[PDB]
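So this first bit is one chain, no partners, the form deposited in one PDB entry, shown in structure tokens.
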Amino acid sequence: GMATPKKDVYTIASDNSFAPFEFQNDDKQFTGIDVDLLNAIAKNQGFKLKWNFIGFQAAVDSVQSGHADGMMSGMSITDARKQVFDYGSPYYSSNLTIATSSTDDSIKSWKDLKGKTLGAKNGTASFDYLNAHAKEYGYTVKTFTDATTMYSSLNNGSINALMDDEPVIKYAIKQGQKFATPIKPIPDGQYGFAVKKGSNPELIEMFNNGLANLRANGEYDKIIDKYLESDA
């Protein structure tokens, strides 16, 4: 239904370092998909916000304790989370996807992964997927303990490709990396805006109504495209 504010300002908790969703620019101001998108949603609906960029764990606990009204933080919607949060309509799909070098034209479909070296960060959803499909597609998996070493290996040619959460890859491309995403991604759920279960229902109404308007009026795509290599 139509959303009416019941607070002069709503407090939103978020991560302090989760690019491209929320991160600091060179001027030390917070920015990102979540920041621009929720700000644009509130503005569309005539709500006011105050952001607390405190970290994922801290943001969860702040909403649960009533010290924040909502959480916008690259948050994967899960059944475990639904036990204690209510979510707005999902605002972005999460995918696991393959990054190649943009200079390498040899990988055009999944069948071209035959004989390739694929990187993944140890213990991640990308790692689990790659391990589970290595025999089928015929690649070999090389594991990394952190993100920097993995992306360095793709750039120096010691892996042919890697799998990661798609926003990380598409943001690196937007930043200037010579990567591409030439093949089909693997759906892996959705991102959601959350309030404590049973709390601030009008803030969820705001969210859903504002989001629908931004999807229809083009601003939603403009915001995503600012941060993620768009296909268009």
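Quick note: we count residues from 1 along the sequence shown, nothing fancier.
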Query raised in the report: Should the higher mean CA B-factor in the entry be assigned to 25 to 33 or to 180 to 188?
Result: 25 to 33
Query raised in the report: Taking the recorded C-alpha temperature factors, which stretch has the higher mean, 55 to 63 or 202 to 210?
Result: 202 to 210
Query raised in the report: When you compare the CA B-factors of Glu136, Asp112, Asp146, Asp105 as listed in the entry, which one comes out on top?
Result: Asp105
Report summary line: Among the modelled residues of its chain, the C-alpha B-factor of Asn217 falls in the third labelled highest
**Report entry** Chain-relative CA temperature factor third for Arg81
**Finding:** middle
Requested in this report: Name the third of the chain's ranked CA B-factors that contains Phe193, choosing lowest, middle or highest.
Outcome: middle
Query raised in the report: With respect to C-alpha B-factor, does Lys170 fall in the lowest, middle or highest third of the chain as deposited?
Result: lowest
Requested in this report: Sorting the chain's modelled residues by C-alpha B-factor, tell me whether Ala13 ends up in the lowest, middle or highest third.
Outcome: lowest
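From this point on, the text means the form deposited in another entry, which you will not see here.
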Report task. Would you point out which of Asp188, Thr124, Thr143, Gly138 is found at the hinge linking the two rigid parts that shift between the shown form and the other one? Result -> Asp188
Query raised in the report: With a C-alpha distance change of 3 Å or more, do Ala180 and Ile224 lie closer or farther in that other deposited form?
Result: farther
Query raised in the report: Looking in that other deposited form, are the Cα atoms of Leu38 and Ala147 closer together or farther apart than here, the change being 3 Å or more?
Result: closer
